[PDB]
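Naming: A, B, ... by sequence-line order, numbering from 1 per chain. When a ligand or atom number is given, it counts from 1 through the structure's own listing order.
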Number of protein chains: 4
Amino acid sequence: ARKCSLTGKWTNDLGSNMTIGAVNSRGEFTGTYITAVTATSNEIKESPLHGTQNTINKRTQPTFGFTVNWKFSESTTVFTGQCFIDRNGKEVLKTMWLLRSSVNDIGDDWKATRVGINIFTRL
Amino acid sequence: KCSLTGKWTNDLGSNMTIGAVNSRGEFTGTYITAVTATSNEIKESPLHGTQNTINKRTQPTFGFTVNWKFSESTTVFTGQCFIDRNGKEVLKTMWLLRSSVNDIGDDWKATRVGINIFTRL
Amino acid sequence: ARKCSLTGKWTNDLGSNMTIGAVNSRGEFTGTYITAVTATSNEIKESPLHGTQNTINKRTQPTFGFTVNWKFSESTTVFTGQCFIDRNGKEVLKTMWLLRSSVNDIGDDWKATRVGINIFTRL
Amino acid sequence: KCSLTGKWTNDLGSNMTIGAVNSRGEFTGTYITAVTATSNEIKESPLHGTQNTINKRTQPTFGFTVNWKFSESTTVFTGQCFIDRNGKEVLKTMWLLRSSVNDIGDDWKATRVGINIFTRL
Ligand SMILES: CN1C(=O)N(C)[C@H]2CS[C@@H](CCCCC(=O)O)[C@H]21
Ligand SMILES: CN1C(=O)N(C)[C@H]2CS[C@@H](CCCCC(=O)O)[C@H]21
Ligand SMILES: CN1C(=O)N(C)[C@H]2CS[C@@H](CCCCC(=O)O)[C@H]21
Ligand SMILES: CN1C(=O)N(C)[C@H]2CS[C@@H](CCCCC(=O)O)[C@H]21
Ligand SMILES: *[C@@H]1O[C@H](CO)[C@@H](O)[C@H](O)[C@H]1NC(C)=O
Ligand SMILES: *[C@@H]1O[C@H](CO)[C@@H](O)[C@H](O)[C@H]1NC(C)=O
Ligand SMILES: *[C@@H]1O[C@H](CO)[C@@H](O)[C@H](O)[C@H]1NC(C)=O
Ligand SMILES: *[C@@H]1O[C@H](CO)[C@@H](O)[C@H](O)[C@H]1NC(C)=O
């Protein structure tokens, strides 16, 4: 088995691209995220992401999570998933995400959150 | 106006502290739990995230990741900080708890979802 | 303790009310859903729901699922959960839901689904 | 022109069938799995749902509930029926798997979520 590393350049079937840097010995990493599309009426810009990889038992397919701090809207996405060596020997990030929109009144909180799923593959 | 910095709790009986929020929107914090999805002994785990600063809002959205120290899992949270006129702050979140699975054909059952409100503790 | 039954009239935090009729031998039930808020701009009609309670091992706190076929929107909400006897001995539906919007292009499927959670309590 | 009625599969190897959809949008179908979250023997299971017929879309939304016959669980699916240039149909869906828990204090860990595409069998 290889080790499934988070570090490097990734893409998805939405055509978003994301780059993750070194993971430090606390599991932290930083990177950038450029989306191809958007839920808002706003102009897209690349954005920073920050997260961690779980290092408990030093697993080769670790779980992780990261936050995308969108720099062109009031939104936040969080991703969480696992870095897998797929059947064909490629590393793949299997993720799910929550997209939280900003709402003006707490009475609209019920509808502020979308969910989805994305595979990331090495670009 | 609404700020993430503080000690906070939820109805599961978890306590979370988040420290100061830097110019870039970043913070760190701790998360201690009382109930789990594992048999392993509970340890305090660290957390990192960001609050969105766009248009300098007073009820910002945010996300963070909790890096479990007692299991192989990872939980992410995202929500929005709501404040009233008395300055009562509440964090309305949803979360995803990703378990580790040994084989990729098990990925489908690895993700649990739920919501939690956090109150000032 | 008591059998937690879905049959009856319920309410939530959002001010929605719903009535579930009798549960049949197959665990099927039908009902109506009347909402006090939406994520559209139309006028609220009462909407039909249909679902099932799970009757394996005849649990007193059964899981269930149902579909709300919105009569004033091109959307569908599904709910799934468990009928509990709460701490205070009152019957409660603890549910999670997905709200699926119609999108016009397949490329926009990603953004079509919201998620939340609601307790229902007896009206 | 996108319709639910048919025999379907997904990448987990479950096959579903759905019957005719009546004027009231209702259907019934069956669901057979090859993998489960349970240790019990798989049995085929019934499903019930509706397609949304408002403004009579060629690509309607829908939801259904799978009444598991071999565990105490319920799964609900919701999505949209997409049909392409040549009549190729696909159902884009998302689901919630609700497990049974004994105490209300355990409600929080009871729901998993995922996504699946169904294609014609
Ligand atoms: C493009 N996307 C992507 O590659 N995803 C995996 C999903 C999760 S975040 C969303 C984009 C959000 C921009 C924020 C906003 O519009 O509020 C979508
Ligand atoms: C106590 N909890 C809490 O405050 N939540 C909002 C939910 C989401 S994280 C979960 C605890 C997970 C511990 C790690 C593990 O069990 O592997 C539960
Ligand atoms: C009122 N609601 C309610 O009692 N919920 C638990 C949530 C789940 S469905 C949504 C209402 C949707 C109306 C249909 C539409 O907006 O297209 C919201
Ligand atoms: C095979 N599956 C499938 O085709 N899915 C889309 C997922 C969501 S339901 C689950 C099967 C659950 C069986 C019941 C149980 O384990 O209690 C899995
Ligand atoms: C993703 O990468 C490709 C290849 O580098 C580039 O053509 C494309 O524009 C990138 N996507 C975005 C959204 O910038
Ligand atoms: C949380 O806070 C209260 C008082 O500050 C304390 O009694 C309790 O033990 C703490 N919870 C955990 C899970 O350690
Ligand atoms: C819910 O029922 C209550 C009491 O019967 C009533 O005041 C209210 O109108 C109902 N809600 C809606 C949205 O119809
Ligand atoms: C589903 O359909 C395929 C194609 O007919 C068949 O080989 C397979 O056994 C079926 N799967 C299950 C779980 O019944």
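Ligand-side atoms of ligand 3 in range of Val37(C): 1 (C), range being under 4.0 angstrom from any heavy atom. Short contacts between ligand 6 and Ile32(B), defined as distances under 4.0 Å to a heavy atom of the residue, involve ligand atoms 14 (O). Close contacts between ligand 8 and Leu121(D) involve ligand atoms 2 (O) [criterion: under 4.0 Å to a heavy atom]. Using a 4.0 Å cut-off to heavy atoms of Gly13(B), the atoms of ligand 6 that qualify are 13 (C). Heavy-atom proximity to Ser73(C), at under 4.0 Å, picks out these atoms of ligand 3: 15 (C), 17 (O). The atoms of ligand 3 that sit less than 4.0 Å from any heavy atom of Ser75(C) are 17 (O). Every atom of ligand 3 with a heavy atom of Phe79(C) under 4.0 Å away is listed here by number and element: 6 (C), 8 (C).
With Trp8(B) as the aromatic partner, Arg120(B) does not meet the cation-pi criteria of under 6.0 angstrom to the ring centre and within 45 degrees of the ring axis.
The nearest protein atom to atom 11 (N) of ligand 8, hydrogens excluded, is given as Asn15(D) ND2, 2.9 Å; this is a heavy-atom distance. Among all non-hydrogen protein atoms, the one lying nearest atom 6 (C) of ligand 3 is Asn118(C) ND2, 3.1 Å. Nearest protein heavy-atom contact of atom 2 (N) of ligand 3 is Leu14(C) CD2, 3.6 Å. Atom 1 (C) of ligand 3 has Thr35(C) OG1, 2.9 Å as its closest protein atom, hydrogens excluded (heavy atom only). Given atom 16 (O) of ligand 3, the protein heavy atom at minimum distance is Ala39(C) N, 3.0 Å. Given atom 12 (C) of ligand 3, the protein heavy atom at minimum distance is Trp70(C) CZ2, 3.7 Å. Of the protein's non-hydrogen atoms, the one nearest atom 9 (S) of ligand 3 is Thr77(C) OG1, 3.3 Å.
With contacts defined as side-chain heavy-atom distances shorter than 4.5 Å, the pair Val21(D)/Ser3(D) does not qualify. At least one side-chain heavy atom of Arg112(D) sits under 4.5 Å from a side-chain heavy atom of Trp95(D). Inter-residue side-chain proximity for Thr80(C) and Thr75(D) is flagged as unmet; no heavy-atom pair is nearer than 4.5 Å. For the pair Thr52(A)/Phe64(B), no side-chain contact is recorded, criterion being any heavy-atom separation below 4.5 Å from C-beta on. For the pair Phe70(D)/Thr38(D), a side-chain contact is recorded, criterion being any heavy-atom separation below 4.5 Å from C-beta on. Within the 4.5 Å cutoff, the side chain of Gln80(D) has heavy atoms near those of the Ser102(C) side chain.
Residues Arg100(C) and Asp109(C) are paired through a salt bridge, judged by an N-O separation under 4.0 Å between the basic side chain and the carboxylate.
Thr35(C) and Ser16(C) share a side-chain donor-acceptor pair at under 3.5 Å. Under 3.5 Å, the side chains of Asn116(D) and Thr93(D) contain no donor-acceptor pair of N or O atoms. Residues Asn57(C) and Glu72(D) have side chains that bring a donor and an acceptor to within less than 3.5 angstrom of each other. No hydrogens or angles considered: a donor-acceptor pair under 3.5 Å links the side chains of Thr17(B) and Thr30(B).
For ligand 6, the polar-atom distance check against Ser14(B) finds no nitrogen or oxygen pair separated by under 3.5 Å. Residue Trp97(C) has no N or O atom closer than 3.5 Å to an N or O atom of ligand 3. The shortest N or O to N or O distance between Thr33(D) and ligand 8 is not under 3.5 Å. The shortest N/O to N/O separation between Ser16(C) and ligand 3 falls below 3.5 Å. Taking distance alone, with nitrogen or oxygen atoms compared against 3.5 Å, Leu99(C) stays at or beyond that limit from ligand 3. Between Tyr33(C) and ligand 3, at least one pair of N/O atoms sits closer than 3.5 Å. No N or O atom of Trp110(A) sits closer than 3.5 Å to an N or O atom of ligand 3.
The presence of a protein heavy atom under 4.0 Å from atom 9 (O) of ligand 6 is ruled out. Checking atom 2 (O) of ligand 8 against the protein gives a heavy-atom contact under 4.0 Å. Taking a distance limit of 4.0 Å, we find that atom 6 (C) of ligand 6 is approached by no protein heavy atom. At least one protein heavy atom sits closer than 4.0 Å to atom 14 (O) of ligand 8.
Considering every non-hydrogen atom in both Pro60(D) and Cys2(D), the closest pair reads CD-O, 3.7 Å. Shortest non-hydrogen contact noted between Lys69(B) and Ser45(B) is N-OG, 3.3 Å.
Within 6.0 Å of CG in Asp103(B) there are more than 12 heavy atoms belonging to other residues, nucleotides or ligands.
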